[PDB]
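**Student:** I have a structure I would like to understand better, so I am pasting it below and will then ask my questions one at a time.
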2 protein chains.
Amino acid sequence: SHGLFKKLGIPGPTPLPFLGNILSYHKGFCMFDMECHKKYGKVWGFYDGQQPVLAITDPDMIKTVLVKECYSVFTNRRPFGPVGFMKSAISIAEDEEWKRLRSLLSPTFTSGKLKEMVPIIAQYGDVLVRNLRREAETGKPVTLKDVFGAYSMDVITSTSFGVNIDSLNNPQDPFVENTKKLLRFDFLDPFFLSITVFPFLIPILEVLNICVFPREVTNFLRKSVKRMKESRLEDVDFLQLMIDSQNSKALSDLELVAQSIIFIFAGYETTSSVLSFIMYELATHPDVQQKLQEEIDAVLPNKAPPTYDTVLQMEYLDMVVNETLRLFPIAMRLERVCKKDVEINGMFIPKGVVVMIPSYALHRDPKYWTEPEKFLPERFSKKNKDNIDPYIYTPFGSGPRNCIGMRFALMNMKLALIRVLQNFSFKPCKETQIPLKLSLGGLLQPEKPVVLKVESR
Amino acid sequence: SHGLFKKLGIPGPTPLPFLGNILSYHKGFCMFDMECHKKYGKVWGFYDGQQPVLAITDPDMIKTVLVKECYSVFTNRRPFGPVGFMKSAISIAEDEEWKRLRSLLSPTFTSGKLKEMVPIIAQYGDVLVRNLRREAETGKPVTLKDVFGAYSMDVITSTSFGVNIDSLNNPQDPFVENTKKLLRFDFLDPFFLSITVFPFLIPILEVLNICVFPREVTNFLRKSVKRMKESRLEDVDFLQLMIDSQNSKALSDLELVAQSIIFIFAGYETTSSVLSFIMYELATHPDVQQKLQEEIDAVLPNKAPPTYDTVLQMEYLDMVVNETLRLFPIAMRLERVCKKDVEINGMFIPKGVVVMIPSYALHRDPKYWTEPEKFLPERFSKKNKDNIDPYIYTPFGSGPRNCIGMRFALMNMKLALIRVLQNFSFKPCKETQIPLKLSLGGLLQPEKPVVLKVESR
Ligand code: HEM
Ligand code: HEM
Ligand SMILES: C=C(N[C@H](CSC[C@H](NC1CCCC1)C(=O)NCc1cccnc1)Cc1ccccc1)OC(C)(C)C
Ligand SMILES: C=C(N[C@H](CSC[C@H](NC1CCCC1)C(=O)NCc1cccnc1)Cc1ccccc1)OC(C)(C)C
């Protein structure tokens, strides 16, 4: 099965029996993609175990794949390990079902519903600040993914179930506990590599009701949600919107829970990780930090509370965000399974092949980015923003299966930063990893957690 | 493979292909054993999946199995699911290795080392009491396995690593968290039944570094212990004793950790569960409660602090304990794998057969116990204690592979009760499950958690 790309005349690294090329993940996904990109060019193929994966780097062709042919051919992602009842979550479902879920859930993530979510996201901004100042006045360097996680948690809990925790001060609350155990899967830990040399074990683990979503976290939320559904009904958040939806093809009950669980993860270690990266940059780039706090004071004088509207009135802030997402696209890769034999942009691609877009690699490709390793937000200036190909820069994917939560994430994030730079400036500690090396793991997160210094303006 | 016992002319329930008799676990292990015991008599066999299990109820024969032939034939328990590096813990190791571990670890559990452990076990008695009185003065019915667990935790943490937590007030402490996730395996949950219809999947999960001991709890303790070992060395608890041992065949480092992890579980949900049962009895039997608080006041006047010595001076207290253990032997069953063809007490038993002693069933067998469903501690009076066959009553097993921690458990437990009945009396609430129905699950724990009323003497 390792002859495939040789036949198609597509170049790539020589696979080992059974292993395919996975030994080459010893420096993380990202480093492997850049290296293939340099060595082979615009297209290459390789083998996660026996599985052909075809990498592509042409924007037309990438558009063809994420847009033009999404429904017909490229509808789904690759399977990755036993998910149990979580089979039914939107990010994991296939074909007509996913097509369906997207619809049931899409209204929920509208700008308009989002704007109603703003003042709740506001209140925990106050918590974040107050918690920070306690560490600021005790001049002790601060690990971010803690205080940001604690914030990221409060937001989720509240924005999706109305649960109102100071999680940084109550990691004791059974709710907060469960919710944390939902962490970014280390796709390069002992498990998933084995899942990829031995995917024939996925059904094995399914019938064994083994689940990558801790059977306890899920058995908790499942019945947790079942209590909420029956206390609201009858006596603004995601659950409401989703409960409203199934009040008609309409969403189910177990289905509803598994969606919640997705939303819960997503907004947690992603929102948390990204902010960490941003403060790392804001910290190792004092001028950018300052220009930012200048925007926030001119659009919002006197430490004025942000509204929905004033947030989007802030362009530089957006630039910084975008630029950070370029440097750290926490997905690293987009993928779609080729469900039929197809020709796209004059290239034959056979069924079962997994088509991959190496986002990380593209973001640091010299050919589109001057000095791509540098952190330069002016890349995304209203002037320069026009020159950036949407199929090269894809922090949130693209097409019918892009990040459904994109607007909410950006709003969520921006809301925190604004309230954080209104009060504090962030400075590198002797202990701050400079330069920030990347987790050679299967996560896009830093090698070492970001520690900085926090001062009260 | 389902013909075995029919050939040997040994009676038992008819197995279904693949399933064996496991459909008959729908009412828990215990109920199935009593039923086989009544229906077939002194011996019977059945099939957990394709695995022959031979049950026996003859004391001679049970002695033969747990004692006389332990080394030669019956050295090990049955495998149960993927344990990863935990392969090396004493309760799980096989043959010469276990034989070895027992020796390295046996001194640790001496009465004499135990006596030095007493005053530490004392101090958290004070915590237990103070926490209780807070709920006592707020006349709100109390779930036991919480406050007892919280106690059971404090003891372990301290008695094995010197870690000194008020865990009831700090379930936030990363240590306490990890430690809790080590809970009594529900052998009748979705997993282990599948493990028993599909044991050929155990090696499957091994190579997948999948572990029944949460890979995170273990990766925590592993490095947690590695920090302690290197802070003590160089600058009274189980770790010390074990560290001392490997200071010579001597214990290893990973080995040392996996032992700790065992000790940690054992003293947790076992100590916790047992006390829960005892207060349930003490509660549904006011007179027994009173006689007890009378012993504790005569051997220890003026709420006198218990010493090692005064504890064993208390006989009734011991009786109550024993009697409770009769009613609720939390192991339910003892097992040993027959590693060779052998004849014992005039019975042929083939290799690979799993020999089982149905402790629960024996404890409620009428033929040894008058009114066995009743709770009557006078059964264990210094007068009557002589009539109890040690091979019928086996709460802690027997022979070279009995409960290594037996003395410590009994001491641990007794120390708590004494300090608890010195201050409080325990009364049934309208909500108290009366009579206490048993978890039809694979655990010996109650159907419903015990809730009682707590009053300040
Ligand atoms: C900065 C934060 C986030 C980033 C960078 C991000 C990025 C992504 C990416 C790269 C994808 C793959 C899309 C594709 O294949 O084209 C995706 C999918 C998805 N995202 Fe996010 N995301 C973020 C936050 C969130 C949040 C807060 C939610 C809340 C629900 C969310 C929900 C989803 C869902 C449900 C999918 C799968 C959508 C589908 O298959 O229909 N994401 N995201
Ligand atoms: C009331 C509490 C406890 C009860 C009822 C209990 C009961 C048992 C039983 C029934 C066995 C099986 C023995 C056999 O097959 O003959 C056992 C084994 C064992 N117990 Fe416990 N136990 C208790 C507490 C503890 C504690 C606190 C420890 C602390 C380390 C401990 C450590 C062990 C170990 C290490 C084994 C396996 C011994 C070996 O295979 O060599 N137990 N226990
Ligand atoms: C392969 C996935 N995830 C899906 C299929 S598994 C469910 C998924 N997370 C899981 C893992 C953590 C607990 C929930 C999701 O959907 N989480 C919401 C989310 C995450 C990140 C960004 N936005 C939303 C397909 C996919 C792959 C990459 C990026 C996005 C989706 O991702 C990881 C590499 C595992 C992090
Ligand atoms: C089958 C076992 N356990 C051993 C083999 S797995 C390791 C074992 N617990 C594990 C499970 C919870 C986290 C540690 C042990 O050794 N825990 C110490 C202990 C427990 C209870 C009483 N004393 C000591 C063999 C065995 C079976 C029954 C009773 C005792 C030992 O037990 C259970 C039915 C699973 C509860």
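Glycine gets a Cβ as well: all are built from the backbone with ideal geometry, and neighbour counts include every protein chain shown. Every read-out reported here was derived from the displayed coordinates using simple, explicitly stated rules and does not represent laboratory data.
**Student:** Just the residues that are in contact with a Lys or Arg (Cβ under 7 Å, 6 or more places away or on another chain) and of a type in the set (S, T, N, Q), please, taken from region B:309-362.
**Tutor:** The answer is B:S359, and nothing else.
**Student:** Given the criterion β-branched (V, I, T) and more than 14 Å from every other protein chain (Cβ to nearest Cβ), identify the matching residue among B:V212, B:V274, B:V217.
**Tutor:** B:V274
**Student:** Something else: As an exercise: evaluate A:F263 against (1) within 30 Å of B:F175 (Cα to Cα); (2) away from ligand 1 (no atom under 16 Å from the Cβ) and give the number of the one condition it does not meet.
**Tutor:** Here A:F263 clears every test but (2).
**Student:** Given the conditions (1) acidic (D, E); (2) assigned to a helix (DSSP H, G or I); (3) more than 25 Å from B:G405 (Cα to Cα), and given that B:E234 satisfies all but one, which numbered condition is not satisfied?
**Tutor:** Failed condition: (2).
**Student:** What pairs come out if I take residues in region B:169-186 that are at the interface with chain A (Cβ under 9 Å from one of its Cβ atoms) and pair them with residues that are acidic (D, E) whose C-beta lies under 9 Å away, six or more apart or interchain?
**Tutor:** From region B:169-186, the pairs are B:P171/A:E177; B:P171/B:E177; B:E177/A:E177; B:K181/A:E216; B:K181/B:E216.
**Student:** Continuing with this model, one more query. Examine region A:251-267 for a residue that is touching an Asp or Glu at 6+ places or on another chain (Cβ under 6 Å) and either among the hydrophobic types (A, V, I, L, M, F, W, C) or within 14 Å of another protein chain (Cβ to nearest Cβ) (or both), and state whether such a residue exists.
**Tutor:** First, the residues of region A:251-267 that are touching an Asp or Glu at 6+ places or on another chain (Cβ under 6 Å): none.
Checked region A:251-267: no residue is touching an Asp or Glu at 6+ places or on another chain (Cβ under 6 Å) and either among the hydrophobic types (A, V, I, L, M, F, W, C) or within 14 Å of another protein chain (Cβ to nearest Cβ) (or both).
**Student:** Only one residue in A:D235, A:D287, A:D297, A:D244 is surrounded by fewer than 21 Cβ atoms within 10 Å (Cβ to Cβ), under 25 Å from A:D126 (Cα atoms) and away from ligand 3 (no atom under 16 Å from the Cβ), so which one is that? Steps first, please.
**Tutor:** Details: A:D235 fails: under 25 Å from A:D126 (Cα atoms); A:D287 fails: under 25 Å from A:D126 (Cα atoms); A:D244 fails: under 25 Å from A:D126 (Cα atoms).
It is A:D297.
**Student:** List the number of the failed condition for B:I121; all other conditions in (1) more than 16 Å from ligand 2 (Cβ to nearest atom); (2) within 30 Å of B:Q422 (Cα to Cα) hold.
**Tutor:** Just one mismatch for B:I121, condition (1).
**Student:** Any residue in region A:122-140 that is away from chain B (no Cβ under 14 Å), part of a helix (DSSP H, G or I) and under 20 Å from the mean Cα position of the chain (by Cα)?
**Tutor:** Checked region A:122-140: no residue is away from chain B (no Cβ under 14 Å), part of a helix (DSSP H, G or I) and under 20 Å from the mean Cα position of the chain (by Cα).
**Student:** Kindly establish whether A:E206 is charged (D, E, K, R), out of contact with any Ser or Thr (no Cβ under 6 Å at 6 or more places or on another chain), within 16 Å of ligand 4 (Cβ to nearest atom) and in a helix (DSSP H, G or I).
**Tutor:** Values: charged (D, E, K, R): yes; out of contact with any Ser or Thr (no Cβ under 6 Å at 6 or more places or on another chain): yes; within 16 Å of ligand 4 (Cβ to nearest atom): no; in a helix (DSSP H, G or I): yes.
No, not satisfied.
**Student:** Which of the residues that make up region B:147-168 are closer than 18 Å to B:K414 by Cα and within 13 Å of another protein chain (Cβ to nearest Cβ)?
**Tutor:** Taking region B:147-168 as the starting set, the residues that turn out to be closer than 18 Å to B:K414 by Cα are B:147-156, B:158-159.
B:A150, the sole residue that qualifies.
**Student:** Something else now. Is it fair to say A:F200 is surrounded by fewer than 19 Cβ atoms within 10 Å (Cβ to Cβ), more than 9 Å from chain B (Cβ to nearest Cβ) and farther than 14 Å from A:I261 by Cα?
**Tutor:** Values: surrounded by fewer than 19 Cβ atoms within 10 Å (Cβ to Cβ): yes; more than 9 Å from chain B (Cβ to nearest Cβ): yes; farther than 14 Å from A:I261 by Cα: yes.
Yes.
**Student:** Which of the helices (runs of 4 or more DSSP H) contained wholly in region B:10-118 include at least 1 residues that are more than 30 Å from A:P190 (Cα to Cα), within 16 Å of ligand 1 (Cβ to nearest atom) and over 24 Å from the mean Cα position of the chain (by Cα)?
**Tutor:** On the way: elements: B:28-40, B:59-63, B:95-105.
Helices (runs of 4 or more DSSP H) meeting the threshold: none at all.
**Student:** For region B:89-108, which residues satisfy the criterion of being within 12 Å of ligand 4 (Cβ to nearest atom), crowded, with 20+ Cβ neighbours inside 10 Å and not aliphatic (A, V, I, L, M)?
**Tutor:** Within region B:89-108, just B:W98 meets the criteria.
**Student:** Do the conditions hold for B:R222, that is, is it away from every other protein chain (no Cβ under 11 Å) and either closer than 30 Å to B:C30 by Cβ or in contact with a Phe, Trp or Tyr (Cβ under 6 Å, 6 or more places away or on another chain) (or both)? Please lay out each step first, then the result.
**Tutor:** Working: away from every other protein chain (no Cβ under 11 Å): yes; either closer than 30 Å to B:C30 by Cβ or in contact with a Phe, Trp or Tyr (Cβ under 6 Å, 6 or more places away or on another chain) (or both): no.
When the stated conditions are applied, B:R222 does not pass them.
**Student:** Evaluate the following for A:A331: is it within 13 Å of the chain's Cα centre (by Cα), closer than 24 Å to A:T108 by Cβ and either not in a helix (DSSP H, G or I) or not β-branched (V, I, T) (or both)? Write out each step before concluding.
**Tutor:** On the way: within 13 Å of the chain's Cα centre (by Cα): yes; closer than 24 Å to A:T108 by Cβ: yes; either not in a helix (DSSP H, G or I) or not β-branched (V, I, T) (or both): yes.
So A:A331 fits the description; yes.
**Student:** Before we move on, is B:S224 more than 24 Å from the chain's Cα centre (by Cα), within 23 Å of B:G405 (Cβ to Cβ), buried (at least 18 other Cβ atoms within 10 Å of the Cβ) and more than 16 Å from ligand 1 (Cβ to nearest atom)?
**Tutor:** yes
**Student:** On to the next question. Can you confirm whether region B:423-438 contains a residue that is within 16 Å of ligand 4 (Cβ to nearest atom) and farther than 30 Å from B:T75 by Cβ? Explain how you work it out, then say what you get.
**Tutor:** Within region B:423-438, the first condition is being within 16 Å of ligand 4 (Cβ to nearest atom), and the residues that meet it are B:438.
Filter once more, keeping what is farther than 30 Å from B:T75 by Cβ: B:438.
Yes, that holds for at least one residue.
**Student:** For region B:276-299, does any single residue satisfy the condition of being closer than 27 Å to B:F213 by Cβ and either outside any helix (DSSP H, G or I) or among the polar types (S, T, N, Q) (or both)? Full working, then the answer.
**Tutor:** Step one: of region B:276-299, the residues closer than 27 Å to B:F213 by Cβ are B:276-277.
Keeping just the survivors that are either outside any helix (DSSP H, G or I) or among the polar types (S, T, N, Q) (or both) gives B:276.
So far as region B:276-299 goes, yes, one or more of its residues are closer than 27 Å to B:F213 by Cβ and either outside any helix (DSSP H, G or I) or among the polar types (S, T, N, Q) (or both).
**Student:** I've got another one for you. Working carefully through the options B:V342, B:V354, find the one that is within 20 Å of B:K7 (Cβ to Cβ) and under 21 Å from the mean Cα position of the chain (by Cα). Reasoning before the result, please.
**Tutor:** On the way: B:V342 fails: under 21 Å from the mean Cα position of the chain (by Cα).
On inspection, the qualifying residue turns out to be B:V354.
**Student:** I would also like to ask the following. Can you confirm whether A:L193 is within 13 Å of chain B (Cβ to nearest Cβ), crowded, with 19+ Cβ neighbours inside 10 Å, under 24 Å from the mean Cα position of the chain (by Cα) and assigned to a loop (DSSP other than H, G, I, E, B)?
**Tutor:** On the way: within 13 Å of chain B (Cβ to nearest Cβ): yes; crowded, with 19+ Cβ neighbours inside 10 Å: yes; under 24 Å from the mean Cα position of the chain (by Cα): yes; assigned to a loop (DSSP other than H, G, I, E, B): no.
So A:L193 does not fit the description; no.
**Student:** Tell me, yes or no, whether region B:319-339 has at least one residue that is under 17 Å from B:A416 (Cα atoms), within 16 Å of ligand 4 (Cβ to nearest atom) and among the acidic types (D, E).
**Tutor:** No: zero hits.
**Student:** Is it the case, given these coordinates, that B:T270 is β-branched (V, I, T) and over 22 Å from B:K181 (Cα atoms)?
**Tutor:** Details: β-branched (V, I, T): yes; over 22 Å from B:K181 (Cα atoms): no.
So B:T270 does not fit the description; no.
**Student:** Taking B:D237, is it away from chain A (no Cβ under 14 Å) and within 23 Å of the chain's Cα centre (by Cα)? Walk me through it before giving the result.
**Tutor:** Working: away from chain A (no Cβ under 14 Å): yes; within 23 Å of the chain's Cα centre (by Cα): yes.
So B:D237 fits the description; yes.
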